[PDB]
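**Q** Sending over a structure as structure tokens; questions will come in a sec.
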Amino acid sequence: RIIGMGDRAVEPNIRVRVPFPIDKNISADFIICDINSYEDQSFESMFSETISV
Amino acid sequence: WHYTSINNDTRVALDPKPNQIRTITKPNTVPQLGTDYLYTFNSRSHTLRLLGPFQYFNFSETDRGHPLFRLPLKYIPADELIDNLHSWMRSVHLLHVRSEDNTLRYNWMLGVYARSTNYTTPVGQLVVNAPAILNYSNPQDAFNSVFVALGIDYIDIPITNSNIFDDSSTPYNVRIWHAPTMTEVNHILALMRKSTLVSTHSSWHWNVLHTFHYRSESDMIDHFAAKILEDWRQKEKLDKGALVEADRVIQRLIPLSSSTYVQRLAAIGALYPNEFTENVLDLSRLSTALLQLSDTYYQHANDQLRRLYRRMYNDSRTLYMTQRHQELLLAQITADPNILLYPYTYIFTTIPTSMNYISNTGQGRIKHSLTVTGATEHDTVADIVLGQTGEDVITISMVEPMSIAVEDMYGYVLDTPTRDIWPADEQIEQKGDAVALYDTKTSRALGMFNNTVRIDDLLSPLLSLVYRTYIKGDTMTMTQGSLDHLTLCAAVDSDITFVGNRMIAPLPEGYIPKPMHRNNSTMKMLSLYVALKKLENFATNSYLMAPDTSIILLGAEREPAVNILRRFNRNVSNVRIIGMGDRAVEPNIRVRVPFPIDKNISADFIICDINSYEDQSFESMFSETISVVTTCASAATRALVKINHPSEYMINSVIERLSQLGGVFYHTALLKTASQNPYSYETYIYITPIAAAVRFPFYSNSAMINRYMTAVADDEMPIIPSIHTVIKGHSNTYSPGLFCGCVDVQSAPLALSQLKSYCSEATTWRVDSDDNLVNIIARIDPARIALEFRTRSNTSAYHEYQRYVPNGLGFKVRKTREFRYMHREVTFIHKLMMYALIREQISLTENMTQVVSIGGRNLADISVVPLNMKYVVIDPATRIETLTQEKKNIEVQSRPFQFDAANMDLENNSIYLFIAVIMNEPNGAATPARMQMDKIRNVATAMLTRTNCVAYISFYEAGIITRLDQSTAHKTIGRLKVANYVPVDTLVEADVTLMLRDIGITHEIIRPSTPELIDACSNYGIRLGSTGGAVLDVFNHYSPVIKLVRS
Amino acid sequence: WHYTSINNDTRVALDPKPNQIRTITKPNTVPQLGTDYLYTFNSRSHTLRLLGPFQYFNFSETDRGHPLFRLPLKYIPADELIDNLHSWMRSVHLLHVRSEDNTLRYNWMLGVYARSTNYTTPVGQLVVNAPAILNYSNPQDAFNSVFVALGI
Amino acid sequence: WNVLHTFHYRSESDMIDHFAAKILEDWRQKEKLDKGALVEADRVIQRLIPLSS
Amino acid sequence: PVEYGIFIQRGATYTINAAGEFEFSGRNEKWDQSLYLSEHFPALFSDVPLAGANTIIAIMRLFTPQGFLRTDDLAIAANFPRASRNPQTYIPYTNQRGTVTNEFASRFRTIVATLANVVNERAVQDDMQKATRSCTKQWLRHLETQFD
Amino acid sequence: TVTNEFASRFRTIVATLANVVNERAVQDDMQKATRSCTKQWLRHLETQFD
């Protein structure tokens, strides 16, 4: 099984906002994580996003 | 940021050298094309297009028709046009003078065009007498000489077409004016007013001004938009900072004397709308959707963004550069003095900034995962009605079909007896159970799941397409293997001849030997023959037998199952496959069972299936079923009989009618198989000539037998799923099913921000870019309804979904089929059967304070009964905040629950759930602690009206070791590999009850039964997994829910 | 026992959407058949039969003879009829109006038949002047309008 | 469509061959119904009714 | 007839939508002179390339005029009445003052060269005796050489 | 109707009936002038019907 999640994810891939909500039950053995959204915000808003991912 | 770029003439540096211009036209004779001229061919189409230095070249009408294109198009061979285009390119030259000076460049553009008209025009007649007039050392000075030596003010050249075969009329024609100084440019541009429809754009190539002249008004906007697209790309790389080369800085055309549509089109191009991320509906037809966006910026959106668009609509005569865009001209004007630019300019810093948007123009239906929380407050909304599905776009079928492997088509699960005595008091009690049950048939609600779906019905469409692969296609088959006999059976009506064990030889020359015709009762017993040879001995790889042994099939019928079984052993010597039946046609022998004395039946392996017939008293029913077994036990050595209604009386009386009769008694073991029709409650009794004396012959508890012993009479009725096509905001009461339809894209976000109250999964797609309809598919799930209609706060996240409209909900062509029943495995099905039991217990008791669950993903909140009752979850790992904050009345204490009996305070109305016990974290393996922690779990209980449920895993032997069907839930050595984790230690059941008979008080182990199977299968509308169905009924039993409900 | 069943119109849910009816007839130009139209051939026999949404469709006698079937039957190559049936299905359309409302369904049965007779009949001549008469949102109401506006 | 529509036959002989082609179909719809399953054939009874005949 | 029903399928006439390409009407109308000074065009001159019939469209790019818009100064330099924003005309010929073999006539040869090829395809279906098919191909030689 | 329908059906009759006539002028293999003069008659006969 090769599943993919994204903020700009189209069928077949599942569209969801990260951090994702409670429930849904994500589970795997190996996770590759690339998130970058988005430009412009205060380091305070920038720090909180990068650390939580 | 001020972007960097290099600005340099692209066309000027394309014109070849005068003394070398000889080669690049005629002496192209010696080489032969191939790579340069590009040609693609879609299939009535094509596009032959020769490029530099043969692009921007217009064709003489004499040399256009004669040499080539007209006839070669009329057909292409990739060998024709390569040899043929050469034949034309051979006979071409330009009137020229060979020079000595290295600082000279030949003038192509004007020179070639003059030859194309046979020099009839004076501008071409001038180049005849003195062809050295084309040799220029400096741009602009090339044209200047062709004006002073004529007295003419301007020369106009008709445009060149890159496509060689699109021989149609030109859209526009360019015009070159004589203009040397700067004060001259201002004269032509000012005189250019009051004159039809003309265009110029920012800078110029050769330092001479040249304007565009359009034929009809309609053929202006299509060219004006083809430029405006290009510019929007040049300012993309510039806005980020890179290296560009497009000489001019601004590609955008400037409308001088023009119509009215181009005013609305010019202003909407000179501001670079955010709409990139495009959305915009850019692809086609572009001159329409762009023209709609002009009206947009206008009346909305927005403040001074209207004021700016309305500051350029009324003006439409100056090009609007954007600060750093203007500086690139300032950086190059000082780099070289004496260069012409558009004089009237406006510089503006105010853009400014705003929202982001999102879209894609790709393929694929987009999946969604809606939540119950957001940043908007929803109060009293409409009812978002949707209608009409159609039959071509959305197809709905009630099935569903599955896809698996090859060997797992066959999968037997064996079961073993437990008791050694059949008491004289419970033998008449068991009798009363089977007698009272027989009269009122099995649940009607269970019925509409037996005769509805079928094994062969869903397993057989696949094996008939692995048959197709076979026609010409196959590899090594290798004899005996689960592939050999199967592709031999299902795939070919004729015989599969074997050449050197493994190869398939050859191909069906012209005869397609009609696909071996299958039937329902045949795949039924195709699954059991393998299991019989399997039960003989665990050693893999046989399927064919040591020759001169005869297997006899008893049935049923005048049909195959024997024709298939025979020709599998066609290759190996002399084997006899005989069949008997009450409805048996030649070749098969017709006879009534029990058969008469004489005839002398004899075999080594007997398969027995008899069922005739419906309606009769249990007294007539008992006598028939029992006598068939006795006329089978003496007929063979290794014989297996098929008994209906495995009720703990009927089944146990069978052993009671074989033991006493047979010397040395007999070894019995009933079994379930794959390819049995998911839940058919029919089991198969297996009979073998012991070894000595059996220790536990009879059946005490009887669990597989119990699966039949849980069905019941009429009551409510059929339930069933349907369609809806209407959504009400925070309004409960929706019968299980799914709703499909279609809504306007302008109200599509409003639809999604309401489906969250009913489901989680939703798919949406627009048929075509410019349609406006987005059909939605949503599945009603009760596991979500319990977490929505909790309180009253609707909230939702309307703001987020609204960022998709228009394009962003996906695009999809073709037909798509959504099933009525979906597909789901057994581990989340076994939990679905687990909760349907527990939901019954808690919605019956008197008073409760809270229902407290320990461990998990937050999921399994379903069975929080009622939806109002406090719901406490004690686990170390979970997402908190918003859900507990949005007064859905939840709380999660992130302490790793310490069940060491040191500090316990469950108390009065406390309902506890222990689905864990495996570990505090993901994996645990302490069985004395599983006994001791369960010992200190019930220890310290004086908390009045409290209750708690705990789960187990035990058995081992019957369900895996003698199983040989390691599908999903397999086991290793004493370890149980369910799903993942790391195989949990099995617990001794006998000790766990015995150790509980002194410390605690109440301990009831309730197994989830068939009512739980139907009810959970009805709401979610999920099929049973067939192969998983055979694991389901055995694995379901040995996970008892021990409920310690005491004071 | 009282049996359970789902009862729902099968033909009604076959008629395509008005703004999309464009594609499922002419713009079938870009793809090329293959699976839909079924054809078996026993051996002097055969049975070429195109299905939904081209079943229940009656042939105009002008476009029936000219494009295809009469000569191709007279022989089949599995490469002929695939390329050849395309040549006919290319040159077919139904007089229609592109709509904006999502709750509309195009009326196939009556509409296609009227075109098959060159609108010579008044029931077909009515759909010429105002082709928006075929756009119905509710069954029964589709035919009702083709009676009040005729007196038939 | 919720509007009544009747059949008109050419010759008498070409009536019984169509009337029997329906009556066969019905005998199948009441087979799955008699046992209990999931059908979709909208109308319940396929059998044709002879008015003037 | 095999691909005429593909041409007259898309429309006999068409209009031009506000800022964009053409719009063919699915109707099959006969042309009248009343439509000229109002709206529409004979679509047998609309030169959008078709996907099927490439023969009906091939004989139509054979009607293309050979001239140039010679805007005249000496009429307006003399100060004369002109109703349009700027004056314009369309003369139908060139000059070929120094060309060895006249150009205008050589274009006519291309018309006869391919138009005669179409005539043969009728004397294969009606398969006339060669003397009939020859006597018509011979006439186009005289007709063309007169034009020179 | 632009071109009358009833007459266009008649064209299909001539179109295939004339094809049958050719199969007799291959077995008796008449000089083309004979086979042409009968195929020419069906053109006049059909155009009158219009």
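Ligands are numbered from 1 in the order shown, chains are lettered A, B, ... in the order of the structure tokens, and residues start at 1 in each chain.
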Set the distance at 8 Å and use only C-alpha atoms: which residues neighbour range 49-57 of chain E once local chain neighbours fewer than 6 positions away are removed? I'd like the list as JSON, numbers by chain.
**A** {"B": [44, 45], "E": [3, 4, 6, 7]}
**Q** Only N, CA, C and O atoms, please: the residues just picked out, written as a JSON list (two decimals), in the first residue's frame.
**A**
```json
[["chain", "number", "residue", "atom", "x", "y", "z"],
["B", 44, "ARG", "N", -7.85, 13.23, -39.15],
["B", 44, "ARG", "CA", -7.46, 14.15, -40.21],
["B", 44, "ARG", "C", -6.74, 15.36, -39.63],
["B", 44, "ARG", "O", -7.36, 16.38, -39.32],
["B", 45, "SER", "N", -5.42, 15.24, -39.49],
["B", 45, "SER", "CA", -4.58, 16.32, -38.96],
["B", 45, "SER", "C", -3.14, 16.20, -39.46],
["B", 45, "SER", "O", -2.88, 15.57, -40.49],
["E", 3, "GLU", "N", -19.57, 12.09, -47.31],
["E", 3, "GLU", "CA", -19.06, 13.08, -46.35],
["E", 3, "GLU", "C", -19.66, 14.49, -46.50],
["E", 3, "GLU", "O", -19.22, 15.43, -45.84],
["E", 4, "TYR", "N", -20.67, 14.62, -47.36],
["E", 4, "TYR", "CA", -21.47, 15.84, -47.45],
["E", 4, "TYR", "C", -22.36, 15.97, -46.21],
["E", 4, "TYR", "O", -22.53, 17.06, -45.67],
["E", 6, "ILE", "N", -21.65, 15.07, -43.41],
["E", 6, "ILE", "CA", -20.77, 15.40, -42.29],
["E", 6, "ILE", "C", -20.50, 16.91, -42.27],
["E", 6, "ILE", "O", -20.31, 17.51, -41.21],
["E", 7, "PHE", "N", -20.49, 17.52, -43.46],
["E", 7, "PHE", "CA", -20.32, 18.97, -43.59],
["E", 7, "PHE", "C", -21.59, 19.71, -43.18],
["E", 7, "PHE", "O", -21.57, 20.55, -42.28]]
```
**Q** To test your reading of the structure, identify every residue in chain E that backbone DSSP assigns to strand (DSSP E), and report it as a list in words.
**A**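 Put together, the selection reads residues 13, 14, 15, 16, 22, 23, 24, 41 and 42 of chain E.
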**Q** Put those residues in a file: N, CA, C and O atoms, as a short mmCIF file (atom, residue, chain, number, x, y, z; two decimals), in the first residue's frame.
**A**
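Writing done, so here's out01.cif:
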```
data_model
loop_
_atom_site.label_atom_id
_atom_site.label_comp_id
_atom_site.auth_asym_id
_atom_site.auth_seq_id
_atom_site.Cartn_x
_atom_site.Cartn_y
_atom_site.Cartn_z
N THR E 13 -25.04 27.64 -42.01
CA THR E 13 -24.62 29.01 -41.72
C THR E 13 -23.96 29.10 -40.34
O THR E 13 -23.85 28.10 -39.63
N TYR E 14 -23.53 30.31 -39.98
CA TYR E 14 -22.91 30.58 -38.68
C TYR E 14 -22.90 32.07 -38.35
O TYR E 14 -22.98 32.91 -39.24
N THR E 15 -22.79 32.37 -37.06
CA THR E 15 -22.59 33.74 -36.58
C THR E 15 -21.28 33.83 -35.80
O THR E 15 -20.71 32.80 -35.43
N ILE E 16 -20.81 35.05 -35.56
CA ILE E 16 -19.61 35.26 -34.76
C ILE E 16 -20.00 35.77 -33.37
O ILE E 16 -20.64 36.82 -33.25
N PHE E 22 -16.04 31.29 -34.32
CA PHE E 22 -17.35 31.20 -34.97
C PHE E 22 -18.34 30.33 -34.18
O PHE E 22 -17.95 29.56 -33.30
N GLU E 23 -19.62 30.47 -34.52
CA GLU E 23 -20.69 29.68 -33.92
C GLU E 23 -21.64 29.11 -34.98
O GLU E 23 -22.55 29.80 -35.45
N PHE E 24 -21.42 27.85 -35.34
CA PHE E 24 -22.23 27.17 -36.35
C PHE E 24 -23.58 26.75 -35.79
O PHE E 24 -23.66 26.15 -34.71
N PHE E 41 -23.34 34.10 -42.32
CA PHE E 41 -22.50 33.91 -43.49
C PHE E 41 -22.82 32.54 -44.09
O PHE E 41 -23.23 31.63 -43.37
N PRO E 42 -22.65 32.40 -45.42
CA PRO E 42 -22.66 31.06 -46.00
C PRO E 42 -21.47 30.26 -45.46
O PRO E 42 -20.31 30.57 -45.78
#
```
**Q** Which neighbours of residue 246 in chain B fall inside 9 Å, counting only C-alpha atoms, when residues of the same chain fewer than 4 positions from it are skipped, and could you give them as a PyMOL selection string?
**A** chain B and resi 5-10+234+250-251
**Q** Write the residues you've just listed into a file as a compact mmCIF listing (two decimals), in the first residue's frame, and include N, CA, C and O atoms for each of them.
**A**
```txt
# COMPACT_ATOMS: atom_id res chain seq x y z
N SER B 5 17.67 40.76 -15.89
CA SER B 5 17.37 40.17 -17.19
C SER B 5 18.34 40.66 -18.26
O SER B 5 18.91 41.75 -18.14
N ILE B 6 18.53 39.86 -19.31
CA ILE B 6 19.31 40.27 -20.47
C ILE B 6 18.40 40.51 -21.69
O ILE B 6 17.69 39.60 -22.13
N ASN B 7 18.44 41.73 -22.20
CA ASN B 7 17.61 42.13 -23.34
C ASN B 7 18.42 42.29 -24.62
O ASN B 7 19.29 43.16 -24.71
N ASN B 8 18.13 41.43 -25.60
CA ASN B 8 18.86 41.39 -26.87
C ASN B 8 18.00 40.86 -28.00
O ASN B 8 17.33 39.83 -27.85
N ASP B 9 18.02 41.56 -29.14
CA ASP B 9 17.26 41.17 -30.33
C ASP B 9 17.42 39.69 -30.68
O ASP B 9 18.53 39.18 -30.79
N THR B 10 16.28 39.02 -30.85
CA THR B 10 16.26 37.58 -31.17
C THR B 10 16.20 37.31 -32.67
O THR B 10 16.83 36.37 -33.16
N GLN B 234 6.31 36.07 -18.68
CA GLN B 234 7.60 36.76 -18.58
C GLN B 234 7.75 37.46 -17.23
O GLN B 234 8.85 37.54 -16.69
N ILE B 250 8.19 44.13 -22.02
CA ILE B 250 6.73 44.00 -21.99
C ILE B 250 6.21 43.50 -23.34
O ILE B 250 6.35 44.18 -24.36
N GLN B 251 5.62 42.31 -23.33
CA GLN B 251 5.06 41.70 -24.54
C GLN B 251 3.68 42.25 -24.88
O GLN B 251 3.29 42.27 -26.05
```
**Q** Would you kindly report the residues of chain A within 10 Å of chain B, using only C-alpha atoms, as a ChimeraX atom specification?
**A** /A:8-17,20-26
**Q** Can you write out the residues you just picked, keeping N, CA, C and O atoms, as a JSON list (two decimals), in the first residue's frame?
**A**
```
[["chain", "number", "residue", "atom", "x", "y", "z"],
["A", 8, "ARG", "N", -3.14, 20.07, -1.21],
["A", 8, "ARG", "CA", -3.61, 20.14, -2.58],
["A", 8, "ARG", "C", -3.53, 18.73, -3.15],
["A", 8, "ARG", "O", -2.63, 18.42, -3.99],
["A", 9, "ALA", "N", -4.46, 17.86, -2.66],
["A", 9, "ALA", "CA", -4.49, 16.46, -3.08],
["A", 9, "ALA", "C", -5.80, 16.13, -3.79],
["A", 9, "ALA", "O", -6.88, 16.34, -3.24],
["A", 10, "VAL", "N", -5.69, 15.61, -5.01],
["A", 10, "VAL", "CA", -6.84, 15.30, -5.85],
["A", 10, "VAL", "C", -7.00, 13.79, -5.96],
["A", 10, "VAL", "O", -6.02, 13.04, -5.92],
["A", 11, "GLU", "N", -8.26, 13.35, -6.08],
["A", 11, "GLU", "CA", -8.60, 11.95, -6.35],
["A", 11, "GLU", "C", -7.68, 11.39, -7.43],
["A", 11, "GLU", "O", -7.58, 11.96, -8.53],
["A", 12, "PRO", "N", -7.01, 10.25, -7.15],
["A", 12, "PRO", "CA", -7.23, 9.32, -6.03],
["A", 12, "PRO", "C", -6.73, 9.77, -4.65],
["A", 12, "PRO", "O", -7.31, 9.37, -3.64],
["A", 13, "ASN", "N", -5.67, 10.59, -4.61],
["A", 13, "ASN", "CA", -5.04, 11.01, -3.35],
["A", 13, "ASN", "C", -5.97, 11.83, -2.44],
["A", 13, "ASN", "O", -6.73, 12.67, -2.92],
["A", 14, "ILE", "N", -5.89, 11.57, -1.14],
["A", 14, "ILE", "CA", -6.82, 12.14, -0.15],
["A", 14, "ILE", "C", -6.49, 13.60, 0.20],
["A", 14, "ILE", "O", -5.38, 13.90, 0.65],
["A", 15, "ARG", "N", -7.46, 14.48, -0.01],
["A", 15, "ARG", "CA", -7.34, 15.89, 0.37],
["A", 15, "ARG", "C", -7.63, 16.09, 1.85],
["A", 15, "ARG", "O", -8.72, 15.73, 2.33],
["A", 16, "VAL", "N", -6.67, 16.65, 2.56],
["A", 16, "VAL", "CA", -6.80, 16.95, 3.99],
["A", 16, "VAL", "C", -5.81, 18.05, 4.41],
["A", 16, "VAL", "O", -4.74, 18.19, 3.81],
["A", 17, "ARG", "N", -6.19, 18.83, 5.42],
["A", 17, "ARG", "CA", -5.32, 19.86, 5.97],
["A", 17, "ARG", "C", -4.47, 19.32, 7.12],
["A", 17, "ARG", "O", -4.99, 18.68, 8.03],
["A", 20, "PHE", "N", -3.72, 17.27, 10.65],
["A", 20, "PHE", "CA", -5.00, 16.60, 10.42],
["A", 20, "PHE", "C", -5.81, 16.42, 11.72],
["A", 20, "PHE", "O", -5.25, 16.50, 12.81],
["A", 21, "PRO", "N", -7.14, 16.19, 11.59],
["A", 21, "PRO", "CA", -7.98, 16.14, 12.79],
["A", 21, "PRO", "C", -7.85, 14.82, 13.57],
["A", 21, "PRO", "O", -7.33, 13.84, 13.04],
["A", 22, "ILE", "N", -8.31, 14.83, 14.82],
["A", 22, "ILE", "CA", -8.43, 13.61, 15.62],
["A", 22, "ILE", "C", -9.42, 12.65, 14.94],
["A", 22, "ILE", "O", -10.38, 13.10, 14.31],
["A", 23, "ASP", "N", -9.15, 11.35, 15.05],
["A", 23, "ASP", "CA", -9.85, 10.32, 14.27],
["A", 23, "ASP", "C", -9.24, 10.19, 12.86],
["A", 23, "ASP", "O", -8.49, 11.07, 12.43],
["A", 24, "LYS", "N", -9.58, 9.10, 12.17],
["A", 24, "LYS", "CA", -9.08, 8.76, 10.83],
["A", 24, "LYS", "C", -8.02, 7.66, 10.91],
["A", 24, "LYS", "O", -7.86, 6.87, 9.98],
["A", 25, "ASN", "N", -7.31, 7.63, 12.04],
["A", 25, "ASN", "CA", -6.37, 6.55, 12.39],
["A", 25, "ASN", "C", -5.29, 6.28, 11.33],
["A", 25, "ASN", "O", -5.34, 5.27, 10.62],
["A", 26, "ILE", "N", -4.32, 7.19, 11.24],
["A", 26, "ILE", "CA", -3.19, 7.02, 10.33],
["A", 26, "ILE", "C", -2.20, 6.00, 10.89],
["A", 26, "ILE", "O", -1.90, 6.01, 12.09]]
```
**Q** Distance CA of residue 48 in chain A-CA of residue 921 in chain B, one decimal place?
**A**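 So the two atoms, CA of residue 48 in chain A and CA of residue 921 in chain B, lie 27.4 Å apart.
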**Q** Distance cut-off 7 Å, counting only C-alpha atoms - which residues of chain D neighbour chain C? Return them as number ranges by chain.
**A** D: 1-3, 33-34, 36-43
**Q** Suppose we keep N, CA, C and O atoms; can you now write the selection as a PDB file, in the first residue's frame?
**A**
```
ATOM      1  N   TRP D   1     -42.583   6.708 -17.637  1.00  0.00           N
ATOM      2  CA  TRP D   1     -42.922   8.104 -17.358  1.00  0.00           C
ATOM      3  C   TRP D   1     -44.395   8.078 -16.987  1.00  0.00           C
ATOM      4  O   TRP D   1     -45.180   7.396 -17.653  1.00  0.00           O
ATOM      5  N   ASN D   2     -44.772   8.795 -15.931  1.00  0.00           N
ATOM      6  CA  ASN D   2     -46.134   8.703 -15.386  1.00  0.00           C
ATOM      7  C   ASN D   2     -47.233   9.168 -16.355  1.00  0.00           C
ATOM      8  O   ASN D   2     -48.043  10.045 -16.040  1.00  0.00           O
ATOM      9  N   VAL D   3     -47.230   8.558 -17.538  1.00  0.00           N
ATOM     10  CA  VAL D   3     -48.251   8.741 -18.564  1.00  0.00           C
ATOM     11  C   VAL D   3     -48.551   7.380 -19.187  1.00  0.00           C
ATOM     12  O   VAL D   3     -47.633   6.612 -19.489  1.00  0.00           O
ATOM     13  N   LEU D  33     -38.214 -13.253  -6.253  1.00  0.00           N
ATOM     14  CA  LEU D  33     -39.137 -12.713  -5.263  1.00  0.00           C
ATOM     15  C   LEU D  33     -39.678 -13.814  -4.348  1.00  0.00           C
ATOM     16  O   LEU D  33     -39.760 -13.623  -3.122  1.00  0.00           O
ATOM     17  N   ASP D  34     -40.000 -14.979  -4.939  1.00  0.00           N
ATOM     18  CA  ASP D  34     -40.525 -16.107  -4.160  1.00  0.00           C
ATOM     19  C   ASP D  34     -39.536 -16.648  -3.118  1.00  0.00           C
ATOM     20  O   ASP D  34     -39.949 -17.223  -2.107  1.00  0.00           O
ATOM     21  N   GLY D  36     -36.857 -14.557  -1.971  1.00  0.00           N
ATOM     22  CA  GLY D  36     -36.362 -13.407  -1.221  1.00  0.00           C
ATOM     23  C   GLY D  36     -34.943 -13.045  -1.617  1.00  0.00           C
ATOM     24  O   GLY D  36     -33.991 -13.803  -1.346  1.00  0.00           O
ATOM     25  N   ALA D  37     -34.814 -11.880  -2.267  1.00  0.00           N
ATOM     26  CA  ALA D  37     -33.522 -11.368  -2.731  1.00  0.00           C
ATOM     27  C   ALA D  37     -33.622  -9.864  -2.986  1.00  0.00           C
ATOM     28  O   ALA D  37     -34.405  -9.169  -2.334  1.00  0.00           O
ATOM     29  N   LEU D  38     -32.824  -9.363  -3.927  1.00  0.00           N
ATOM     30  CA  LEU D  38     -32.873  -7.961  -4.329  1.00  0.00           C
ATOM     31  C   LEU D  38     -33.078  -7.832  -5.838  1.00  0.00           C
ATOM     32  O   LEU D  38     -32.167  -8.113  -6.622  1.00  0.00           O
ATOM     33  N   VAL D  39     -34.280  -7.419  -6.237  1.00  0.00           N
ATOM     34  CA  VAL D  39     -34.590  -7.190  -7.653  1.00  0.00           C
ATOM     35  C   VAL D  39     -34.640  -5.686  -7.959  1.00  0.00           C
ATOM     36  O   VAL D  39     -34.620  -4.854  -7.032  1.00  0.00           O
ATOM     37  N   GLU D  40     -34.699  -5.345  -9.249  1.00  0.00           N
ATOM     38  CA  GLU D  40     -34.733  -3.944  -9.674  1.00  0.00           C
ATOM     39  C   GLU D  40     -35.741  -3.656 -10.794  1.00  0.00           C
ATOM     40  O   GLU D  40     -35.999  -2.494 -11.115  1.00  0.00           O
ATOM     41  N   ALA D  41     -36.299  -4.717 -11.380  1.00  0.00           N
ATOM     42  CA  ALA D  41     -37.250  -4.593 -12.485  1.00  0.00           C
ATOM     43  C   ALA D  41     -38.497  -3.809 -12.061  1.00  0.00           C
ATOM     44  O   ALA D  41     -39.408  -4.355 -11.421  1.00  0.00           O
ATOM     45  N   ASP D  42     -38.516  -2.523 -12.423  1.00  0.00           N
ATOM     46  CA  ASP D  42     -39.579  -1.605 -12.008  1.00  0.00           C
ATOM     47  C   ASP D  42     -40.912  -1.902 -12.687  1.00  0.00           C
ATOM     48  O   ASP D  42     -41.019  -1.819 -13.918  1.00  0.00           O
ATOM     49  N   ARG D  43     -41.908  -2.254 -11.863  1.00  0.00           N
ATOM     50  CA  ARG D  43     -43.306  -2.488 -12.281  1.00  0.00           C
ATOM     51  C   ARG D  43     -43.977  -3.592 -11.464  1.00  0.00           C
ATOM     52  O   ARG D  43     -45.213  -3.645 -11.382  1.00  0.00           O
TER      53      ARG D  43
END
```
**Q** Would you list which chain C residues are within 8 Å of chain B using only C-alpha atoms, as an MDAnalysis selection string?
**A** chainID C and resid 1 4 13:17 19:20 53 100:105
**Q** Using only C-alpha atoms, which of the listed residues (C:107, C:87, C:62, C:121) sits closest to residue 4 in chain F?
**A** C:62
**Q** Could you jot down the CA of residue 94 in chain B to CA of residue 73 in chain B separation for me, Å, one decimal place?
**A**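 CA of residue 73 in chain B lies 26.7 Å from CA of residue 94 in chain B.
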**Q** Which neighbours of range 606-611 of chain B fall inside 6 Å, counting only C-alpha atoms, when residues of the same chain fewer than 3 positions from it are skipped, and could you give them as an MDAnalysis selection string?
**A** chainID B and resid 552:555 639:642
**Q** Take the residues from that selection and put them in a file with N, CA, C and O atoms, as a short mmCIF file (atom, residue, chain, number, x, y, z; two decimals), in the first residue's frame.
**A**
```cif
data_model
loop_
_atom_site.label_atom_id
_atom_site.label_comp_id
_atom_site.auth_asym_id
_atom_site.auth_seq_id
_atom_site.Cartn_x
_atom_site.Cartn_y
_atom_site.Cartn_z
N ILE B 552 -14.72 -41.42 -5.62
CA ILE B 552 -16.13 -41.39 -6.02
C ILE B 552 -16.86 -40.20 -5.38
O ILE B 552 -16.82 -40.01 -4.16
N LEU B 553 -17.50 -39.40 -6.23
CA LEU B 553 -18.28 -38.24 -5.79
C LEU B 553 -19.75 -38.60 -5.67
O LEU B 553 -20.33 -39.18 -6.59
N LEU B 554 -20.36 -38.25 -4.54
CA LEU B 554 -21.78 -38.50 -4.33
C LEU B 554 -22.55 -37.18 -4.30
O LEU B 554 -22.18 -36.26 -3.56
N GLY B 555 -23.60 -37.10 -5.10
CA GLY B 555 -24.44 -35.92 -5.17
C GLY B 555 -25.85 -36.24 -5.64
O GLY B 555 -26.47 -37.16 -5.11
N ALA B 639 -13.83 -40.84 4.19
CA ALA B 639 -15.08 -40.28 3.68
C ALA B 639 -15.51 -39.03 4.44
O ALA B 639 -15.36 -38.95 5.67
N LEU B 640 -16.04 -38.06 3.70
CA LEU B 640 -16.55 -36.82 4.28
C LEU B 640 -18.00 -36.59 3.84
O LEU B 640 -18.29 -36.55 2.64
N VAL B 641 -18.89 -36.46 4.82
CA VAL B 641 -20.31 -36.26 4.56
C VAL B 641 -20.71 -34.80 4.82
O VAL B 641 -20.03 -34.07 5.56
N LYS B 642 -21.81 -34.37 4.19
CA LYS B 642 -22.33 -33.02 4.35
C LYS B 642 -23.66 -33.04 5.08
O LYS B 642 -24.64 -33.62 4.60
#
```
